[PDB]
Amino acid sequence: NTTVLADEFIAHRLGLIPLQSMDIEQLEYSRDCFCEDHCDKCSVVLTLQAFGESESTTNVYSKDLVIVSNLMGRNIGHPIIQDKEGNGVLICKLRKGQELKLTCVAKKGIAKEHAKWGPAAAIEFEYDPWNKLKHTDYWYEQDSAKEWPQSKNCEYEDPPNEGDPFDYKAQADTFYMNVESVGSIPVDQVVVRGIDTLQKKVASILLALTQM
Amino acid sequence: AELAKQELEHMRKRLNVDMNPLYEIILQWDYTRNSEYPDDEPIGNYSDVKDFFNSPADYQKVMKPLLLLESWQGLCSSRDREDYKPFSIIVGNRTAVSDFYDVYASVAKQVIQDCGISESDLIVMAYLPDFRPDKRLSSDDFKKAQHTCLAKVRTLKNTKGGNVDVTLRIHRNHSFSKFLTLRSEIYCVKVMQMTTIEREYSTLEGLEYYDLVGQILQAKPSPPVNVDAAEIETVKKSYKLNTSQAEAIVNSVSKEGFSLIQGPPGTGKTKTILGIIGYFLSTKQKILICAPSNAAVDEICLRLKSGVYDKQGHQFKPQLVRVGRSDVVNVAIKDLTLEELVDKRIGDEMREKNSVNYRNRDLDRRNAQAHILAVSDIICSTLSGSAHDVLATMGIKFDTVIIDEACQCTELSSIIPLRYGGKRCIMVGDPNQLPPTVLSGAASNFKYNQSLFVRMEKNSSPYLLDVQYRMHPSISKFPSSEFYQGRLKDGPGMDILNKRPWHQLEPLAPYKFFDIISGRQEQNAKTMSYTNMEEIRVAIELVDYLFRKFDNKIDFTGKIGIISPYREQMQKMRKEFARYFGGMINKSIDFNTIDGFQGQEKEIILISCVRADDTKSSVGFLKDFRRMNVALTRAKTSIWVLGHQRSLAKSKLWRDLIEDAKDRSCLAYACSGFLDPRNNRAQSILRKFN
Amino acid sequence: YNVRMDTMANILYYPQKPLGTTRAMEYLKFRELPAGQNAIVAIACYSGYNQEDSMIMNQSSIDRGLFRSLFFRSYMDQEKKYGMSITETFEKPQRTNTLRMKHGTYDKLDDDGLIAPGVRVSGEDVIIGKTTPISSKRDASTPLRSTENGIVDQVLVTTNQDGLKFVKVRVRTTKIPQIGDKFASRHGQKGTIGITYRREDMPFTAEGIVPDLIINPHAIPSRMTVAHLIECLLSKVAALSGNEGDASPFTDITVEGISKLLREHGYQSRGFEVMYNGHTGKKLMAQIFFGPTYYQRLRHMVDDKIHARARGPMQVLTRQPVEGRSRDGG
Amino acid sequence: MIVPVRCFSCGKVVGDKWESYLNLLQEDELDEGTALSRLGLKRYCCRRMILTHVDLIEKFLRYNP
Amino acid sequence: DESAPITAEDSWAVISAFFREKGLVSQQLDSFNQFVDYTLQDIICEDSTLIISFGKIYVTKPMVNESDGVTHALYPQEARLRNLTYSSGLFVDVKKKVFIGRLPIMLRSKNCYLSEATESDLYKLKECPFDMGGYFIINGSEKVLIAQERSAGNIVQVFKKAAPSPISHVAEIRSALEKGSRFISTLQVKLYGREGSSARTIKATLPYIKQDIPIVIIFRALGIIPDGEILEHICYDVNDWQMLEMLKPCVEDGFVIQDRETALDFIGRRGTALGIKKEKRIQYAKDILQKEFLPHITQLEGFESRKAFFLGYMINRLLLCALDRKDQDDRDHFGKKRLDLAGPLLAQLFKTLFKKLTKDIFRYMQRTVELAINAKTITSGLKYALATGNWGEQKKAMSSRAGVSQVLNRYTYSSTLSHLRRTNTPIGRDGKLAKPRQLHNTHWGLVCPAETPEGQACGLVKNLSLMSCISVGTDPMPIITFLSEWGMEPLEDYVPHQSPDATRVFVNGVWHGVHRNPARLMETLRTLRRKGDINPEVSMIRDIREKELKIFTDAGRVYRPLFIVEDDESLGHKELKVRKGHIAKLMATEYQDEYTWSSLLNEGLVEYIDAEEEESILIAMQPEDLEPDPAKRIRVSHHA
Amino acid sequence: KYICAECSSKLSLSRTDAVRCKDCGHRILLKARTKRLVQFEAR
RNA sequence: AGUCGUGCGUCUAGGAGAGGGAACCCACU
Ligand SMILES: [Zn+2]
Ligand SMILES: [Zn+2]
Ligand SMILES: [Zn+2]
């Protein structure tokens, strides 16, 4: 590596690069399987090679990464490309005489250990558009309704009527959830895997209770 | 000084032009695409070659589309006409070079040796999962392949086990890279060599830094400079040249810059070049002679080997360097080649010693070739070969650059040798001769076929060589009247030619036109080349009659040459002559196309025209006046013209030629068995046609 | 900065220009060389760890490239001659005829005696291996800082004015924000991170936006820093519109115009945004002031401000602990 | 130096569209907000991440090394 | 359109032009350039004579003389990497060229490679284009000289005294040469006796005279023997009897002296050094009075009346302050303060080192009873001065006032910019006197109100505003000649009793003379300065209340640019000279890169104003606010 | 073992040898990165 | 409308540690 950037900087940038994880369940954590180091059964190996030329700067993208390990017919670890041009995520720029040559090992993991594993960027969660449950006391100076614009989801619920009294028996319901995926996993598979993980955690709790 | 630094920087830039833009443009093309143009861009982008260029940028913008179109047409021609041997490679790691991907692949040494893949060869790669291992892979599969990708060979590294590592450069944005997975079999087949295209592109880019850039853009030759007549006469007497030739040489040498010399065939063009070289040497100054074809370079080298006389009359033989391969160059020129001259001049501890010895030998060879080039005074080569890497590394300025057959080469090829700081350029060419080789008719429509010498002649009239010796005055009459618009004077030997015989007899005359009353030509779909049997039969009968008349009195070894516009017709004639006459046709008779036969002169020339059917008014290549001039000017004593009367009469030039022949009584009706009185059918047909 | 061998250099990972920039900044060229980043600040007391002007920074943002820094430290060594014909030598000590040997590991040193770039050095590891002949020689290596460590970035060797060999070794380290690190807005507010929360725990707006920073509101009244809230509102308006906002002192624009523009952008006029508790999803009773704001990571960091001594070296003059954490003082 | 790979606030990948952002600003001569909206950035976190970024990598590459 | 009014926003464009013409480090670069151009030659010429002679001094490009090597061009990056000194050698011709040393070269000066370098050239040299230079590379370390604040010289400052002290009011002037051979001459005149003390006497502490002498004896020595002439010089308006009543004790006590020789003898009585008062001491006292007493006004005996007139003016100011008709002078005002940049500091260091070298070569010549210039004496001295910050004549000096040179801070670009434009106050960081620490109202537009360190240094270290520049100095002789030719009566011919109305003209604190038509002269001077004939840095102030004209050309004066407003307009309302056409021209020039800040100065659209001049002008807040939804901040009404 | 700041060409000089670049007069003489394996993590 | 010039290269596998005072400047609570 001889780029103007730093090895730690480029490594951090590479870590955030999304990778295909449709068959992540098939892949096993490195800490679990008995392997010396980053065996093909628990890791994905890619190689990044690049260098500049006379007067044209070399831009390094996600597509430049080349898978070197054997995936055994699994569509996992492929860089995610979504831009119209198809270049991918810009990584760095190399000038004439600047040689970049490195290897990347990707392991199975969760976003809790590091945000780079986050499959969803923003997860919007809303409920009770109209202030029916009195959960929030809108801050107002002249008029609460005028100051605070109506939410988009408000159209999906009947507007409140001042005639009726406050419903103290009402509880939170009809939660509007918008899930956006970075690209590693489709939103449908994202929610499916989240439900599966929660169910597996509850089942593990039950198993621990039974064992103890 | 500052000027020296600027000159050095300009030379370095000219000799170190990056090829990356050319690779980017070429690799974006689709091999499977079958169209007149590489892309679907609007036709309006292409523009005809402007006579005057405002600035180098406009010249480059005009030329680059034409060069790309020519390259695409050459690629298509290689794909269709030629079928290179396919091979297979294993994909490796990919390196993201600037706007490119370099893929390392391992191949067998025998496979690449058989295919003939070098470091400057273009290939097309494809993925064929359903391809049967036993199936005979061919270029047809690549053309019909769903996915194809162009690649350029960069390096070829040999390694134990007979393993060749090849670095293939492809366009980054190309989607085919998605199939370039590790340990993946990819079927690749060669297309063509990009060395000439790369050199042309480099010259086009560097034209800005050329010393004569202004003259090239303006295309205006430097004004003539008056010279004393006494000096011209002295030079003519010393070199034994002609008055007109001596005056033209003196005028060209006196003025600095581009010099135009129009030498019609048979006017001592090689003699004129020798005189120019001798005059320049008499007045170290390295001189670079460049010719479009290796044959011209070999002829020039052979002529120079005999020595060139100076003003004092003392013949001398300056060291001559031929920059070319031994196989392509003539056998006689092998000694003059750089490799042979260097060889003549030269005359795990074991592994390390062997490697050190090999490195020492390589260094000694490099030093020897550098010394030979530095001491050499005359360097003869081709336009493409003039840009050889060795010369660029040497970086030796060539003050005088002579270009031969300036009308037979493209502008880029002619300008290629000028990169080496060419201050004086002397271009010799005859516009009436064959135009520069072009693969695309569309490019010709944009005046791409037009060479720089054509524009220079249009701007100013060159010094036409009026005196000719080999060409018979009758033969040169019609070309002089029409093609050259006069200004041609027959030499002293108007009728004192050594080949006196076979002229007195009435049937055989210096010029004749034996038309065919009836003739049908068949066109082959595979080759699209017309073939006619009447022409072949007439030619065979005439040759047999000539041999019978002088079977033993005179030997026709290398004196009879049959030329036809179409390759298929010439091949059929050769086959028929071999079947009938036998092996004697190998030497006695020479069969070759008119374009290919250019540069060769024979006592008897049989120009056979294939166009016989009158159904289609189209004339074809026969319409062009330059081809007719080339065909007529290659003869010395006897010309036998064969072709249907009406089809030729359709064209204006051919109609004028027929009228002139009738005026000179050179027209004689001919048909099958013309000289066979036994066949009464031929006599009856001739009588009826009268 | 790659070629500059400064004694101490700090480089921000992802410099960002402020959303609200004074018209004089372009003349100062601050936009070309910004010092800070635009982080989504919520002025609320969420977990109680931002009290006393403290702040809560998102752990996910921290590990995703938020306020990461590169610290470069350069050590210089010379072969200054003490007496003619006697000079120091840059060579790896071999323990032979040497009496002064320190805990620094000399294995990292190469044959030349200088660690090449890409070598891990920590603690008292020797960076430059120099030995002064004595009349056989005594070690004079330059040990690495005890309290600082990292990957050696570059090494250069030249000749001084008198021709003596001179060496300069620059070591680069990556420093990530921590709780003890000090940050500050552009209004004289200085805060030390109290706790690092992942994107899940921190509250999220109705659009799913999780703030990068949370600041206790109590910092505003006492400090009289009304400009911070106006800057946050202007930054929100600029981000929504996409056009950089003018935050010059005496600009004709007023707070009412900014609020009107924000309302036109489909948000609360005064910048308050409904937020949800990340622990349980319950809507917060009181709406939270929210929006982007420019922040700067000050050089004051806990990593270099933490010291501890247990029977360390003592001054010869008084047999008492020496002064300075870098020298293992007390 | 280079555009951040993912948004600090939410984590959305924004490095792909930096070149597209520059092309829209230059080729189409579109305003900042319109270009960002076309690229598909709704939340203002990504909007300020892209808008506020500075291309110091080019300036560093201006040097010979 | 072209002459239409100008909006507030368009003014920003003009501001941009300023930063293009000068930049953020303009002051230091200009000071260093003017130093190396003129001050070095002036110092060489001042001590050129010896009992040998130096004709000219030449400065080459920076170079390094490596041992066992060949000298070659040295660049700032190479110096920083190799810890070399970025200095250029000095060549001086000697007659009956010699390398005298190396002068450090400031970045972005007129003697550095990066000056005539484009962005591509700077990158090729591994130099950041954003770097503003303005520092010295010593042993690789980057050192910046902080502007030093000092009390302006050649000005009379009158201060009261505490009740316990017998003195009531003291008027002090720090006379010093503005051309060469600078030496501090603090002349103080004190009024002994508090209110009601019944002893209203005034005594001036002549330099080298410990015992204060009455002003009457000084006037007698100068040549004004008659008491009436002394009173007329002291008091201009005979109508004011209070001044005469207060001065009556002074003349009563000075009546003893009536002869010039007696006055000179009495002056020479104190400070005896084994001399005879009547033998070769009257000449000594006369020489002291010619040089020591008010050296700045003149240094020749041809016209000694100027000293008498200046002393009379000083006594008049002291009496006015004592009578309470004139407010006490304030030290915090920048009009009386000068900010010496790297220019004057390097000039002093040079002067000292060159004097030391001259002494050394003189000693060497004396030894050689029957070349050999120690160049290191200057180079090493300068290196030490720029290394530890000890600004002293020699290393052994303990009162060098360290802190002048500080390691440039490069934590961030803004920090470097602030440090390069930083100012320091020589007052010790200790003490608990809040008055100097507080920023005076004069700091408006010259010192940033907010940017300042917190703690002991608070209120002492100051940072100049964006549109603030330090005068580099100019020759006042053209101004003196113009004033004399325009109708300024010589001070020798001044006749106050027959000239009740007259405006005194002061140039660099020198009372050259008086003028009868102050308005016309002031208008002509302003027109010439706006046209560009006179350097804009010169500050001209006219006070009608005191009827005094002051002209300042000395360096170290802080000034800022402001638009000029004139009543000439078709509409008739007050409008600025700058119009839409000038802004359009500036925008066109910016787009092209013809019309820059220099053109604005030449056309008179923008004028430089210093601290002193601001006391005699009214400034509008905005271009169009003071000339002609309760959300906008309340704006002060345009009463004027 | 060493490279030039400007030429960026390998020198591989030894002890008791000049530290100046052979190609040019510049003598910065930077050193290339260590051949030892180096690993980094995105954390 | 049916044909064509141009280029490439030849030797490669063996055990242990211990130390700077003064002055100046910047900066933090
Ligand atoms: Zn494993
Ligand atoms: Zn985001
Ligand atoms: Zn070099």
Side-chain angles (χ1 to χ4, degrees), chain B residues 74 77 81 116-121 153 156 158-161 192-200 291-296 324-328 339 348 350-352 354-355 357-359 361-362 382-385 387-389 405 408-410 413 416 434 436-439 441 523-524 527-530 565-568 570 593-596 598 610 618-621 623 627, chain C residues 95 99-104 124 139 143 182 190 298-300 305 312-317 322 327-328, chain E residues 143 146 387-390 398 400-407 409 411 415 419 424 429 453-455 457 461:
Chain B
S77 300
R81 180 181 60 181
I117 307 302
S118 63
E119 299 180 0
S120 60
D121 293 359
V153 180
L156 302 173
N158 185 16
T159 308
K160 60 197 76 181
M192 60 183 182
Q193 194 186 151
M194 302 297 296
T195 303
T196 182
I197 301 173
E198 290 172 359
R199 293 169 178 176
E200 291 178 0
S293 60
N294 301 270
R325 307 302 304 180
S326 60
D327 57 71
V328 68
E339 183 178 0
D348 300 330
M350 190 68 263
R351 194 281 310 278
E352 296 179 0
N354 289 324
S355 63
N357 298 330
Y358 176 68
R359 283 183 288 272
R361 291 174 182 275
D362 302 330
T382 59
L383 297 168
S384 179
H388 195 243
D389 61 329
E405 291 290 355
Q408 196 171 214
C409 63
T410 60
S413 58
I416 277 168
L434 192 74
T437 52
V438 294
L439 302 174
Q523 184 177 3
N524 301 90
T527 59
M528 299 297 183
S529 179
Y530 302 89
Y566 300 156
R567 180 67 266 188
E568 205 290 332
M570 190 78 279
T593 58
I594 299 173
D595 298 0
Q598 185 178 359
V610 189
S618 300
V619 181
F621 289 176
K623 183 178 180 180
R627 180 170 289 93
Chain C
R95 196 63 173 84
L99 56 145
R100 293 295 187 85
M101 299 299 295
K102 57 191 71 175
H103 296 183
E124 293 71 358
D139 192 329
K182 182 186 294 183
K190 298 176 271 66
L298 305 179
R299 293 183 300 92
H300 298 274
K305 297 165 67 184
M314 300 182 297
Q315 298 179 357
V316 301
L317 178 59
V322 301
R327 195 153 59 90
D328 196 68
Chain E
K143 302 290 180 57
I146 311 305
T388 58
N390 301 334
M398 186 58 180
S400 301
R401 188 178 64 269
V404 177
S405 70
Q406 300 180 357
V407 177
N409 301 330
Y411 307 147
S415 72
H419 194 178
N424 189 334
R429 305 295 179 82
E454 58 182 359
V461 181

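So that the names make sense, note that chain A is the first sequence line, chain B the second, and so on, each numbered from 1.
- Atom CD of residue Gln408(B) and atom CG of residue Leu434(B) lie 6.0 Å apart, to the nearest 0.5 angstrom.
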Output a table of nitrogen or oxygen pairs between the protein and nucleotides 24-29 of chain G separated by less than 3.5 Å.
from: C25(G); atom 1: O3'; to: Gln406(E); atom 2: NE2; distance (Å): 3.2
from: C26(G); atom 1: OP1; to: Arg429(E); atom 2: NH1; distance (Å): 3.3
from: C26(G); atom 1: OP1; to: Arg429(E); atom 2: NH2; distance (Å): 2.9
from: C26(G); atom 1: OP2; to: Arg429(E); atom 2: NH1; distance (Å): 3.3
from: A27(G); atom 1: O2'; to: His300(C); atom 2: NE2; distance (Å): 3.4
from: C28(G); atom 1: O4'; to: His300(C); atom 2: NE2; distance (Å): 3.4
from: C28(G); atom 1: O3'; to: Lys182(C); atom 2: NZ; distance (Å): 3.3
from: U29(G); atom 1: OP1; to: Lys190(C); atom 2: NZ; distance (Å): 3.0

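- Here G19(G) and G20(G) show unstacked bases; the six-membered rings are not both centred less than 5.5 angstrom apart and angled under 30°.
- The residue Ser118(B) sits close to a base: some heavy atom pair falls under 4.0 Å.
- Taking atom CE on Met350(B) and atom P on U12(G), their separation rounds to 16 Å, with Å as the unit.
- Of the possible donor and acceptor atoms, one in the side chain of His419(E) sits under 3.5 Å from a partner among the backbone N and O of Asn409(E).
- Closest contact between the side chain of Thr593(B) and the listed nucleotides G2(G), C4(G), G19(G) involves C4(G).
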Next item on the list: Check the pair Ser355(B), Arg359(B) against side-chain hydrogen bond (donor to acceptor under 3.5 Å, both in side chains), reporting the backbone distance first and the verdict last.
Entry: CA-CA 6 Å; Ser355(B) 63; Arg359(B) 283 183 288 272; 2.8 Å; yes
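- Nucleotide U6(G) carries a north sugar pucker, as its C1'-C2'-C3'-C4' torsion angle is positive.
- Map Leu99(C) and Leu439(B) each onto its nearest nucleotide of RNA chain G; the residue landing nearer the 5' end is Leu439(B).
- In this entry the distance linking CD of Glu198(B) with P of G7(G) reads 14 Å, nearest Å.
- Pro436(B) comes within contact range of no nucleotide atom at all, as no heavy-atom separation falls under 4.0 Å.
- Whole-Å rounding puts the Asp139(C) CG to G17(G) P distance at 16 Å.
- Here the closest heavy-atom approach between residue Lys102(C) and residue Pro143(C) is recorded as NZ-CD, 3.5 Å.
- Within the nucleic acid shown, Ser293(B) comes within 4.0 Å of sugar-phosphate atoms alone, with no base atom in reach, counting heavy atoms only.
- Candidate nucleotides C4(G), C8(G), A13(G) were compared by shortest atom distance to the side chain of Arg199(B), and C8(G) ranks first.
- The side chain of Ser618(B) places an N or O atom within less than 4.0 Å of a non-bridging phosphate oxygen (OP1 or OP2) of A1(G).
- Within the nucleic acid shown, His419(E) has no heavy atom closer than 4.0 Å to any nucleic acid atom.
- To the nearest angstrom, P of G7(G) lies 15 Å from CE of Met194(B).
- Summarising the geometry of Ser529(B) relative to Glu568(B), their closest heavy-atom pair is OG-CB, 3.2 Å, with the distance given to 0.1 Å.
- Residue contacts for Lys102(C): at a heavy-atom cut-off of 4.0 Å it reaches a base atom on one of the strands shown.
- Here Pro313(C) lies in heavy-atom contact (under 4.0 Å) with a base.
- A1(G) atom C1' lies 12 Å from atom NZ of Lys623(B), rounded to whole Å.
- Among the atoms of the strands shown, only primed sugar atoms or phosphate atoms (P, OP1, OP2) are found under 4.0 Å from some heavy atom of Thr159(B).
- The shortest non-hydrogen separation linking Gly312(C) to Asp328(C) is CA-OD2, 3.6 Å.
- Whole-Å rounding puts the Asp328(C) CG to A18(G) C1' distance at 11 Å.
- On the basis of its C1'-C2'-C3'-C4' angle being positive, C8(G) carries a north sugar.
- Listed here is the closest heavy atom pair of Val322(C) and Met314(C): CG1-C, 3.9 Å.
- As judged by a 4.0 angstrom heavy-atom cut-off over every strand, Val438(B) is placed among the base-contacting residues.
- Here the closest non-hydrogen pair linking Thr410(B) and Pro436(B) is N-CB, 3.9 Å.
- For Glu200(B) and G7(G), the CD to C1' distance is 11 Å, given to the nearest whole Å.
- At least one side-chain heavy atom of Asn294(B) sits under 4.5 Å from a side-chain heavy atom of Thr382(B).
- A close approach under 4.0 Å does occur between a side-chain nitrogen or oxygen of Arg100(C) and OP1 or OP2 of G19(G).
- Using a 4.0 Å heavy-atom cutoff across all strands shown, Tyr358(B) reaches at least one base atom of the nucleic acid.
- Among the atoms of the strands shown, only primed sugar atoms or phosphate atoms (P, OP1, OP2) are found under 4.0 Å from some heavy atom of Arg567(B).
- When each of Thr437(B) and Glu352(B) is assigned the nucleotide of RNA chain G with its nearest heavy atom, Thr437(B) is the one assigned upstream, toward the 5' end.
- Evaluation of the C1'-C2'-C3'-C4' torsion of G17(G) gives a negative value and hence a south sugar.
- Minimum interatomic distance between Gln406(E) and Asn424(E) (heavy atoms only, all atoms of both residues): NE2-ND2, 4.5 Å.
- Between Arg325(B) and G9(G) there is a side-chain polar atom (N or O) within less than 4.0 angstrom of OP1 or OP2.
- Under the 5.5 Å and 30° stacking definition, the step from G17(G) to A18(G) does not qualify as stacked.
- With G2(G), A13(G), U6(G) as the choices, the nucleotide that has an atom nearest any side-chain atom of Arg351(B) turns out to be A13(G).
- Using the sign of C1'-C2'-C3'-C4' as the criterion, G19(G) is classed as a south pucker.
- At the phosphate of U6(G), OP1 or OP2 sits under 4.0 Å from a side-chain N or O atom of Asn294(B).
- Residue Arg327(C) places at least one side-chain N or O under 4.0 Å from the OP1 or OP2 atom of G21(G).
- Counting any heavy atom pair closer than 4.0 Å across all strands shown, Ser77(B) reaches no nucleic acid atom.
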